[PDB]
Amino acid sequence: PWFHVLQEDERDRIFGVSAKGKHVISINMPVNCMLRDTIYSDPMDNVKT
RNA sequence: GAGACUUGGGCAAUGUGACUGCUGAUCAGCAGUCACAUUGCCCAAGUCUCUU
RNA sequence: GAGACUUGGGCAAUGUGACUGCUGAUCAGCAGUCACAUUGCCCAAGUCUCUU
């Protein structure tokens, strides 16, 4: 899986004010994989969790 | 070689636990220096007025 | 000399400004290093099947 970290502007562009200090990441699949769409994460602080 | 099992070897992926340094951001607490401002003590110094 | 006026300078208490350094906390992040797990691939032979 290809994970793309979402910077601050896209965070509150797609999510609420909670995405200010709490990071958001994305999940991206190849077309060969069943999913051809992206998956987004819960706005939350540390990337590890 | 393949199908499967037995053991071993090779590679890879991903995750987990621990350690040593390295910086980042924010916040509190402390010291020192320099400068400006207020008025006064204030003498120097020139000008000017009075006058010495 | 008195006074006006100005430059020269320290001193006086007091005010504010700018800079560096010092200890202390939290969070995040980096580069290393060891230890364990699963998954997948490959190969070897043990066993047999299939095929050259």
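Methodologically, a virtual Cβ is constructed for each residue, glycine included, from the backbone with ideal geometry; neighbour enumeration extends over all protein chains shown. Readers should treat all values here as calculations from the given coordinates under stated rules, not as data from a laboratory.
Determine, for each peptide in A:31-38, A:14-21, the mean count of other beta carbons within 10 angstrom over its residues, then list the peptides with the highest first.
Packing order, densest peptide first, comes out as A:14-21, A:31-38.
Under 14 Å from the Cβ of A:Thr49, count the other residues' Cβ atoms, weight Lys and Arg +1, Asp and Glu -1, and hand me the total.
Residues close to A:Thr49 contribute a combined charge of 0.
Helix-only mean residue ellipticity at 222 nm, chain A, DSSP H runs n ≥ 4 weighted -39,500 (n - 2.57), per residue, nearest 500. What is it?
Working: 1 runs with 7 residues, N = 49.
It comes out at -3500 deg cm²/dmol, rounded to the nearest 500.
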